[PDB]
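Working notes, structure below.
No hydrogens, no waters, no symmetry mates; every other heavy atom, side chains included, goes into these values. If you read the sequence from its start, that first residue is 1, and numbering goes on from there.
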Amino acid sequence: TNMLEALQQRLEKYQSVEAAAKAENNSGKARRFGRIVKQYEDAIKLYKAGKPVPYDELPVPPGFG
């Protein structure tokens, strides 16, 4: 992948986790992955403008691929 494709595919993975958590009313997990989704979307906004992306901040939680 290029980096934008990699950001999108990981975003989509975490959106799926967020949605599955909501489908179980797992409030903590939905909030955790909603925050992660927001961080990936913020990174994509920066990438799309050519601006510095804080990769060091982007979570990659163990156990979720």
Under 3.5 Å, which donor-acceptor pairs do the side chains of residues 32-44 form with other protein atoms, sequence neighbours left out?
unit_1, atom_1, unit_2, atom_2, d
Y40, OH, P59, O, 2.8
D42, OD1, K45, NZ, 3.3

Any residue meeting side-chain contact (heavy atoms from CB on, under 4.5 Å) with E24, in chain and number order, not counting sequence neighbours: none
I'd like a table of donor-acceptor pairs (distance under 3.5 Å, sequence neighbours excluded) in which one partner is a side-chain atom from residues 3-22, with atom names and distances.
unit_1, atom_1, unit_2, atom_2, d
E5, OE1, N2, N, 3.0
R10, NH1, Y14, OH, 2.8
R10, NH1, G65, O, 3.4
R10, NH2, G65, O, 3.0

Set of side-chain contact (heavy atoms from CB on, under 4.5 Å) partners for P54, sequence neighbours left out: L46, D56, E57
